[PDB]
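Participant: First, the structure itself, so that you have it in front of you.
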Amino acid sequence: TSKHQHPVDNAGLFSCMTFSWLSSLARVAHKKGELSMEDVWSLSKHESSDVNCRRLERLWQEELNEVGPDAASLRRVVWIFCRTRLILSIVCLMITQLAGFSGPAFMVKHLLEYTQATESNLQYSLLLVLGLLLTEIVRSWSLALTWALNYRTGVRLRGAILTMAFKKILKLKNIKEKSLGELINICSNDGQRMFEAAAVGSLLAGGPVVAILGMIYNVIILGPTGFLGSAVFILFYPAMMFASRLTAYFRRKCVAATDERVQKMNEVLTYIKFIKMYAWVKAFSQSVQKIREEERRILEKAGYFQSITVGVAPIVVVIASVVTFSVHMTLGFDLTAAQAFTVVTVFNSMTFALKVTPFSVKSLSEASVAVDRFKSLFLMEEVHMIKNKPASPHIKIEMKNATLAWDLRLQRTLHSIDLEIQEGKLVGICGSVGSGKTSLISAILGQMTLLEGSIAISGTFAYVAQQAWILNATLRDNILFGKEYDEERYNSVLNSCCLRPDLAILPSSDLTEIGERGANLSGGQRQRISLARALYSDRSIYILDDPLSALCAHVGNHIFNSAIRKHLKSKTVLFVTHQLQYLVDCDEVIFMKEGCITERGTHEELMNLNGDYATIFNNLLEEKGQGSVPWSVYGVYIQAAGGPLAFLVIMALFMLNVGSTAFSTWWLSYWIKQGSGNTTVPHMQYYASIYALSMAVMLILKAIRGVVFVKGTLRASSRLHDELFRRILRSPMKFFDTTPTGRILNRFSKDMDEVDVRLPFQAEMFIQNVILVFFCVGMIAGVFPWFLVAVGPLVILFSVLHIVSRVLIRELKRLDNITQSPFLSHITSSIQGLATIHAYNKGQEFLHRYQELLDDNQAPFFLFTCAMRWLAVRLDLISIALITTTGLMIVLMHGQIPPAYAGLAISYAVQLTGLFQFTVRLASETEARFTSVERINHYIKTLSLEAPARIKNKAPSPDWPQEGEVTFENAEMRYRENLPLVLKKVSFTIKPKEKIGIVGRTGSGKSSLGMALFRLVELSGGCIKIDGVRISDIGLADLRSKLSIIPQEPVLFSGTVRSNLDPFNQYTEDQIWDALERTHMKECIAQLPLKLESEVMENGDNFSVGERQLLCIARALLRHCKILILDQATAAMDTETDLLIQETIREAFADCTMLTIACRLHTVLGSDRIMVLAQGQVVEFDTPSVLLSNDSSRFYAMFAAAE
Ligand SMILES: Nc1ncnc2c1ncn2[C@@H]1O[C@H](COP(=O)(O)OP(=O)(O)OP(=O)(O)O)[C@@H](O)[C@H]1O
Ligand SMILES: Nc1ncnc2c1ncn2[C@@H]1O[C@H](COP(=O)(O)OP(=O)(O)OP(=O)(O)O)[C@@H](O)[C@H]1O
Ligand SMILES: [Mg+2]
Ligand SMILES: [Mg+2]
């Protein structure tokens, strides 16, 4: 072991069958008033996701491969895995039923006979009391054993199924196509559903075993009454199956409706920096409110039928028995003299066992659709590393007339591709936005669908993507990627990528936290980190997807001359490019167009055959609470919309119902104390009719109260969620930067499952229990008020026990809820990088971390239920001992105590006891469960808030955007409130109608002049004004729409391109077509049947960045803002299209004030003025002509060094 004793799996002597191992933790629970992480007794090797998972996998694979897998019914999840553990429960249920039935029924009759004439004997009670004690002890022990077995056996199934699902998730999928938000919802919600169905769905078998016993007892006491019970039970059978059939469809529709809502919830989380400038927070709010309203309506419709089956009529049996008694009544019956109320009380006690059937049937019906869903997840294509084609030696990559394109129902893009690569050679492709030299790179990975051709490959890859993927670990761990530390190789890597000043500028040291996805670094730094990791990993084959795009000229030249030329000269490097500056030193160049290779060979041969591109080459052109749950959460919960009125109506209805049932009980009790037939006999029929109509009322009343309660609780939940969403949406940027996303999404997946499912039932049950107890104590105080002595000791000991167990219950629940968020964080952050993870073949480490996190989360689940079972056992034992003592008292005190004042003693007692036993358990249950509302309230207004959309008090005149005067003055920022300054002493004065180009060294600042305008930075020093009007005083909502920005990284939401094009439908139909046509996409849209309703998702995955950039250009063209700024709009674009692009930009915004950003000097030479910055400061600047004839100018030096 060496970790924890875990006394469950040993100590076979009389120490572990009863719940006694938890007495050790009860001391520590109240000694410190807490329970930390070091004394939780983590799970042993028995309940570990390493032994059961293998067995489940083997069983499922065998059941798949035995015959053709058409559907397989997924019967092996439940019926064959947890089978042997259910036979013991189903065989102990019969024992406990018989023990609870046979004993008391005869004992009460014998005690009544003894209280009739005690004067006969005195020692005849000892056998009776001994039998009573034996039966009670046997019953309680059997019940505790059954619950313990089911609780223990309900965990392993979920523990194995979760890891099976994740292991299936980690596979090569060409596209998601699964509404990614669904996958997370599959991991959490369906985890819970597979648990309850294994721990509750086992008491359904307890119905018939007692029904047959009741029928045979009735036929043995009365002759011809053995036929009506069977007839009235046959009619009861199909109602349950009808209920299940009706609820299955409702559950399926509800889960389908809630599938989509959580997907749109993820889109804002990972794109908040994008939709924070165009005030697109309005459409999404309306869309999510509409889908939430639809979900709430269907949930209410589903739940209305349930409230009618929480025991609307378990009195069918008593109604049938009363009808049989009244109809057959021959005015005396010649048999009913002493045991009149005994049989009625026994039959009333029968409802306790069968009151739990609806819960079992509902859980089974839900588990059916859960099984269907999990079956739907499997039976999909495992397309990865399958080619089934021969290879050849002395080569690494070989192709033979491949014909590939994105997704099986789309027009082919590549046809008849054939190429070869020699070992240790450098090859460049080059081309346009046509042939698409990104499908070729991904073809050999295995992510590309295949139709024909032949692909062969043998080796290892160090993949680099066009974008960047950065984990949450520290920088040194990111560079190492799970490798052994070194000193010489690490220093060589750091010196070979020109990374030294970047590491020196860090505040503390190299070891620093990065973030969720490298949100604290620029694009160039992320590219450099990815390149350094690929360089240090030391793999056989290097694949670079344009690693020299966003970076400058000098650093790129140095890296190519130092790293690629020398440090990587002993391996094979294959990379594509759009710039022909470095193609001189390359070995071979292969040119392909429109998916077809035209000419290939030595680069020196591409001079006279076709000088197409040569014209370009010619010259220049959390925290866990440490206290008890206060009443503030309850006050907030009841202060929801329509709270007090609904609560008062519900309480009044409940009080009236309890009064009615009390009056009926008194009526039947009085009727019991009457003549034994053959006297005063017509009134019986009238009384039966009165009783029948009374029941009716109660029923009607119970239906009404259920309806009202369901409506009120659902309204409260909807209002709470609607309040929460706006607060999360207006969260400042720093909160999103520090706190990971897995800490926010949890409150939207797990809390909403428990608040809207389990809470109302427990609340209503506790309310009913407390009103019944108060009525019983009032009645006891009413008649026979001379017995009010034991009440004090009873209440004080019960309070002592409750205050003893509540500490453990609360601490265990809090520790259970705390440790579930890193789970979701990891499962979210390990999906987006499927390509890189598959390339590096690093699934095992992620899987092991997943398993360890799952076990840590599952550790405190068992003890939470074990504590409640232990409390129930203690309460039952105490009550049994007290009633035994009171009965023995009776026994002894049977000579000089009249029976008139003692006949009802055992009666009222058993009720009182039972009522207290139920009350304590219900109170503990609700106190445990009411922590989710507090957890949601943890994000109350104490959290930071974004900035005030507007103000509506000092809005500027509508004619404000007239001049583009900008006056920068001392703009110094920190970006983290702790990090050192990134830009210092920035002051500019730009006259209206001016053009300025941006170019400079990597790192440093570029984009440098971003922020401090449309700013959300919490400016501390300096201030700027636009057109003579300050920026701090004016509101944000109006100001953000005045100017427009084209982001460097394209962003494309789901739905359609139109919705992005018009946030509010303020443009006609021809203007958008003209805008799309003007930028040379005449055939880029008409190629599809949809014209303006294109299906775009997942950041435009159909067409690559070459088209996403121009889509964003077209979108920003129609806005026509006062100031339109382009942030490096020529990242990956050809040279021929450049002119057209800049010509269109100049034609459109001829007089607008703009600041152009580009990575190429030759494409910025036309600007009126230029400026450059070295590290954090701007050097002297003027027109390009002035600085061109200046040897001592950095701009001329870098232009000359650009070659
Ligand atoms: N989101 C961020 N959070 C915190 N610090 C940041 C963030 N972005 C940049 N920095 C830091 O601010 C300083 C200036 O970087 P800046 O963003 O201006 O670079 P850049 O000009 O965009 O770079 P590149 O040319 O590589 O794209 C650097 O120290 C950088 O690490
Ligand atoms: N991420 C994607 N997922 C699915 N299909 C894609 C994706 N990107 C592009 N497509 C489809 O495949 C075709 C080929 O585009 P490809 O990705 O090869 O472009 P590219 O030339 O490399 O891009 P760029 O010029 O923007 O750098 C597109 O016209 C489109 O039909
Ligand atoms: Mg690419
Ligand atoms: Mg930038």
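Residues displayed in chain A correspond, in order, to Swiss-Prot positions 94-500, 572-785, 834-893, 909-1430.
Quick check of the header: electron microscopy, 3.9 Å.
Placement of Cβ uses the backbone N, Cα and C atoms for every residue, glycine included.
Look at Swiss-Prot and you will find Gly595, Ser596, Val597, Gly598, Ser599, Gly600, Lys601, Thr602 tagged as ATP 1 binding site, backed by sequence analysis. According to Swiss-Prot, the domain 'ABC transmembrane type-1 1' annotation covers 179-459. Annotation source Swiss-Prot lists N-linked glycosylation site at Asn494, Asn636, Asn684, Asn890, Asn1044, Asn1329, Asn1417, citing sequence analysis. The feature transmembrane segment is assigned by Swiss-Prot to 179-199, 219-239, 296-316, 317-337, 434-454, 608-628, 848-868, 917-937, 997-1017, 1018-1038, 1104-1124, 1127-1147 (among others), with sequence analysis given as support.
Provide an account of the burial state, proximal residues and distances for the features listed.
Facilitator: Classification of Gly598 (ATP 1 binding site) by DSSP places it in coil, neither helical nor stranded. Less than 8 angstroms from the CB of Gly598 (ATP 1 binding site) sit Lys757, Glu758, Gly759, each of them six or more residues away in the same chain.
A coil conformation is recorded for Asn494 (N-linked glycosylation site) in the three-state DSSP classification, outside any helix or strand. Cβ neighbour count for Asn494 (N-linked glycosylation site) (all protein chains, 10 Å cutoff from its Cβ): 11.
Long-range neighbours of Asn636 (N-linked glycosylation site) (same chain, six or more residues apart, CB within less than 8 Å of its CB): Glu677, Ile678, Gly679, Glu680, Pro967, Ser1056. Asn636 (N-linked glycosylation site) carries neither a helix nor a strand DSSP state and counts as coil.
In sequence order, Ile678, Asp964, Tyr1202, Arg1203 are the residues of the chain that are 6 or more apart from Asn684 (N-linked glycosylation site) and have a CB within less than 8 Å of its CB.
Around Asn890 (N-linked glycosylation site), taking its Cβ as the centre, 11 other Cβ atoms fall within 10 Å, counting all chains.
In sequence order, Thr1158, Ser1159, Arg1162 make up the list of same-chain residues 6 or more apart from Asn1044 (N-linked glycosylation site) whose Cβ falls under 8 Å from its Cβ.
The local packing around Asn1329 (N-linked glycosylation site), expressed as other Cβ atoms within 10 Å of its Cβ over all shown chains, amounts to 17.
In three-state terms derived from DSSP, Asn1417 (N-linked glycosylation site) belongs to neither a helical nor a strand segment and is classed as coil.
Packing against the transmembrane segment (317-337) from elsewhere in the chain are residues 304, 307-308, 311, 398, 402, 409-410, 413, 416-417, 421, 450-451, 454-455, 457-458: each is 6 or more residues past its ends and has a CB under 8 Å from a CB in it.
Only residues 6 or more beyond the boundaries of the transmembrane segment (434-454), in the same chain, are considered here, and those with a CB under 8 A from a CB of the stretch are 190, 198, 201-202, 205, 293-297, 299-300, 303-304, 307, 314, 333, 336-337, 399, 402-404, 407-408, 410-411, 414, 880, 884.
Away from its own ends, the transmembrane segment (608-628) comes close to residues 265, 267, 476-480, 482-485, 488-500, 572, 576, 581, 694-695, 698, 701, 703-709, 711, 1062-1063, 1065-1067 of its chain (Cβ-Cβ under 8 Å, at least six residues beyond either end).
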Participant: Identify all same-chain residues not among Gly595, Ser596, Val597, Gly598, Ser599, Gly600, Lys601, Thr602 whose C-beta atom falls within 8 angstroms of the centroid of the ATP 1 site's C-beta atoms; report them in sequence order.
Facilitator: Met756, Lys757, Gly1333
Participant: Of the recorded positions listed here (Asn494, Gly595, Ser596, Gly600, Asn890), which is spatially closest to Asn1329 (N-linked glycosylation site) when Cα positions are compared?
Facilitator: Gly600
Participant: How big is the Cα-to-Cα gap, in Å, between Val597 (ATP 1 binding site) and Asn494 (N-linked glycosylation site)?
Facilitator: 21
Participant: Using the structure shown, find which entry in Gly595, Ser596, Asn1417 (the recorded positions) has the sparsest Cβ neighbourhood within 10 Å.
Facilitator: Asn1417
Participant: Counting only residues 6+ away in sequence within the same chain, which have a CB under 8 Å from the CB of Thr602 (ATP 1 binding site)?
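Facilitator: For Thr602 (ATP 1 binding site), the qualifying residues are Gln630, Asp709, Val740, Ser1331.
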Participant: Cβ pairs under 8 Å with the transmembrane segment (296-316): which stretch of 179-199, 219-239, 848-868 has the most?
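Facilitator: It is 179-199, which has the most Cβ pairs under 8 Å.
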Participant: What same-chain residues, at least 6 away in sequence, bring their CB to under 8 Å of the CB of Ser599 (ATP 1 binding site)?
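Facilitator: The answer is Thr577, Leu578, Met756, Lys757, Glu758, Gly759, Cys760.
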Participant: Once the chains shown are all counted, how many other Cβ atoms turn up within 10 Å of the Cβ of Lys601 (ATP 1 binding site)?
Facilitator: 21
Participant: Using a Cβ cut-off of under 6 Å to any atom of ligand 3, determine which of the recorded positions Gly600, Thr602, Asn1044 qualify.
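Facilitator: Correct list: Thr602.
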Participant: Check the recorded positions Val597, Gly600, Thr602, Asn1417 for any whose Cβ is under 6 angstroms from an atom of ligand 2, and report them in sequence order.
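Facilitator: The recorded positions passing the 6 Å Cβ test are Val597, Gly600, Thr602.
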